[PDB]
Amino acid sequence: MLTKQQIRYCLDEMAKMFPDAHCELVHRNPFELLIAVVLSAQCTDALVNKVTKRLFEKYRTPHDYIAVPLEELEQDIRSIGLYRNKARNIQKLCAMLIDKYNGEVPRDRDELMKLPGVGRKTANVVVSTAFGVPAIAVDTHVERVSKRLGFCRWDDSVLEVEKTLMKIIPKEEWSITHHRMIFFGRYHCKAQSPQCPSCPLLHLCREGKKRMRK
């Protein structure tokens, strides 16, 4: 594992490759963000944006979603994949907003997790992006990056990764940091073929060196 100073180093380095890193899910309000992320599970942001482009014009409120039969909503998000559970989740999710959350989107991370299709990662993205509540959402790109660079053990839970990062990054930079990591991994340290050869972090990256040899 890397020292805290080296992880701070690494992050700072990522903050130079991606100064304007941000959430790529296109949204206009917390409600649209929430649906977007839910639709995100095991799916590219690019594709989600492609679909919500039209989806968010037909549906704009929790009442709009629960007004149509499951079938319809399913076809509206057919391209996404996992559209059955997602369609059922969204409708139930919208019902809850109405029944227990005064028709709005709750700003409490744990509360969000009560929503179907909304896990910790999803809940963290929402509080942080929509509500400014510092939080580190650990997703495929954050987990991989953390593990290859040695931010943590190759065997830690996403939760352990989250706690690890929280211990390091100042509360004030969790969100932005998280975003830079996503970018660093989505666009550089890519799962399929990482750009190790030109990686500013190859010098302290066990995964890079290992990949360079092989």
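In this text, residue numbers run from 1 along the sequence as written.
Participant: Do the CA atoms of 173-181 or those of 28-36 have the higher mean B-factor in the entry?
Facilitator: Between 173-181 and 28-36, it is 173-181.
Participant: Quick check: 98-106 versus 79-87, which has the larger average CA B-factor in the record?
Facilitator: Per the PDB record, 79-87.
Participant: Ranking the modelled residues of this chain by C-alpha B-factor as given in the entry, is residue 53 in the lowest, middle or highest third?
Facilitator: For residue 53, the deposited C-alpha B-factor lands in the highest third.
Participant: In terms of the chain's CA B-factor thirds, is residue 147 lowest, middle or highest?
Facilitator: Tercile = lowest for this residue's CA B-factor.
Participant: Place residue 161 in the lowest, middle or highest third of its chain's C-alpha B-factors, as listed in the PDB entry.
Facilitator: Middle third - that is where residue 161 ends up once the chain's C-alpha B-factors are sorted.
Participant: How does residue 43 rank on Cα B-factor within its chain, lowest, middle or highest third?
Facilitator: CA B-factor rank for residue 43: middle third.
Participant: Hey, what third does residue 68 fall into on Cα B-factor, ranked over its chain?
Facilitator: Lowest third - that is where residue 68 ends up once the chain's C-alpha B-factors are sorted.
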